[PDB]
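Before any comments, here is the structure.
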Amino acid sequence: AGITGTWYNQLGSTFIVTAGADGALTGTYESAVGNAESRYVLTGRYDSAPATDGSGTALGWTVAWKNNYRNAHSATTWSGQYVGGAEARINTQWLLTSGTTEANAXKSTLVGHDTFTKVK
Amino acid sequence: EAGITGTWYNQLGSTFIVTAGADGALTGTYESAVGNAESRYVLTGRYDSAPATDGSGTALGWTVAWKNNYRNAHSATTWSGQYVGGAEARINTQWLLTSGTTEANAXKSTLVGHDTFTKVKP
Ligand SMILES: [Cl-]
Ligand SMILES: [Cl-]
Numbered sequence: 015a016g017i018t019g020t021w022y023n024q025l026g027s028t029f030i031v032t033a034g035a036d037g038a039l040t041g042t043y044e045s046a047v048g049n050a051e052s053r054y055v056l057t058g059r060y061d062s063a064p065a066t067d068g069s070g071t072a073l074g075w076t077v078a079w080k081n082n083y084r085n086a087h088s089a090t091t092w093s094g095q096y097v098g099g100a101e102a103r104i105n106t107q108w109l110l111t112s113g114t115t116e117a118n119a120x121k122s123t124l125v126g127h128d129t130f131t132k133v134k
Numbered sequence: 014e015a016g017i018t019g020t021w022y023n024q025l026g027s028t029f030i031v032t033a034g035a036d037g038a039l040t041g042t043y044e045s046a047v048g049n050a051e052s053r054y055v056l057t058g059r060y061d062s063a064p065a066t067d068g069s070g071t072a073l074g075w076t077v078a079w080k081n082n083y084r085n086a087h088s089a090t091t092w093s094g095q096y097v098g099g100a101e102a103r104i105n106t107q108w109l110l111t112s113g114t115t116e117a118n119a120x121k122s123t124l125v126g127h128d129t130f131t132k133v134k135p
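First to last, the protein sequences are chains A and B.
15 is the number of the first residue of the first sequence in the entry's author numbering; add one for each residue after it.
14 is the number of the first residue of the second sequence in the entry's author numbering; add one for each residue after it.
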């Protein structure tokens, strides 16, 4: 239940996700708040029976940066964990891969981190 | 991709089977140990469904949560990479494996590695 909803990073991005009962994540990622030309499909998975033990819940998702306005020839994956409660957060690291020639394949993949919370 | 749809093998004994939807969806199954049915997990992801015309790879990514009816590892792995078609077709990836952790152990939460998938067993 706790994952379903809207989340915001610290830079102006948003997503909206629904967590299905058997582990599915589906939704939309908006790279710039309030901009509908910046919406992309998100698909992923989560562990649908995490540990009672005060641990986070592991999850991941992908966005391919193609919609009817933009085709960046790239995709990003986020890997992380949801921690519920009053300061709920999804703490992630991400990999962004761009389609490249074989000669440029070594500069194909950027890495970073994102922390999502439930307020802007 | 006609090209992406099908079965892929890493160099360590894992396999997956994927279907690439016409509007960017990846769906399928990941088997961590070849011909072990208790080792099958749902895979979902995305690819860029209109890659460049010009011998560039096709970007894609997917997630497996390591839970099925036999195992719950309390973890999920994401792969990010690119498909390169042709004679020696490959999907070259880097992966992130995150485990659910306590807050004290959160800095030990995420493993990183790489995987190269081909269309024939290693
Ligand atoms: Cl589900
Ligand atoms: Cl599709």
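Idealized CB from N, CA, C, for every residue including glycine.
Residue i beta carbon near ligand 1 (any heavy atom closer than 8 Å)
i, result
"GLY37/A", "yes"
"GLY94/B", "no"
"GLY34/A", "yes"
Proximal residues to residue i (C-beta, below 7 Å), its chain only, five neighbours per side dropped
i, result
"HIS87/A", "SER112, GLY113"
"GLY68/A", "none"
"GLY41/A", "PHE29, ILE30, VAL31, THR32, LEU56"
Same chain, Cβ closer than 8 Å to residue i, neighbours up to 5 away in sequence not counted
i, result
"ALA35/B", "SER62"
"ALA46/A", "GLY26, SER27, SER52"
"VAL125/A", "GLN107, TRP108, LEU109, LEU110"
"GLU101/A", "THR131"
"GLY19/B", "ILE30, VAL31, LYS132"
"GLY37/B", "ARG59, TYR60, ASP61, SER62"
"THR115/A", "none"
9 Å Cβ cutoff met for residue i and residue j
i, j, result
"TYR54/A", "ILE17/A", "no"
"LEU39/A", "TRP75/A", "yes"
"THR71/B", "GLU14/B", "yes"
"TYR22/A", "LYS121/A", "no"
"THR129/A", "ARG103/A", "yes"
"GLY99/B", "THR91/A", "no"
Ligand 2 heavy atom lying under 8 Å from the CB of residue i
i, result
"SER62/B", "yes"
Close Cβ partners of residue i (< 6 Å) along its chain, the five nearest in sequence each way excluded
i, result
"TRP79/B", "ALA86, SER88"
"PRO64/A", "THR71"
"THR123/A", "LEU109, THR111"
Query raised in the report: Are the segment 109-123 of chain A and the segment 93-100 of chain B touching, with three or more C-beta to C-beta distances below 8 Å?
Result: yes
Query - Cβ contact check for the segment 39-57 of chain A and the segment 69-84 of chain A: 3 or more pairs under 8 Å - result: yes
Query - Runs of beta strand (DSSP E) wholly within the segment 106-131 of chain B (minimum 3 residues, chain order) - result: 123-131
Query raised in the report: Along the chain, which unbroken stretches of the beta strand (DSSP E) at least 3 residues long are found entirely within the segment 66-97 of chain A?
Result: 71-80, 85-97
Requested in this report: Would you list, in sequence order, the uninterrupted beta strand (DSSP E) runs of no fewer than 3 residues that lie entirely inside the segment 27-57 of chain B?
Outcome: 28-33, 38-44
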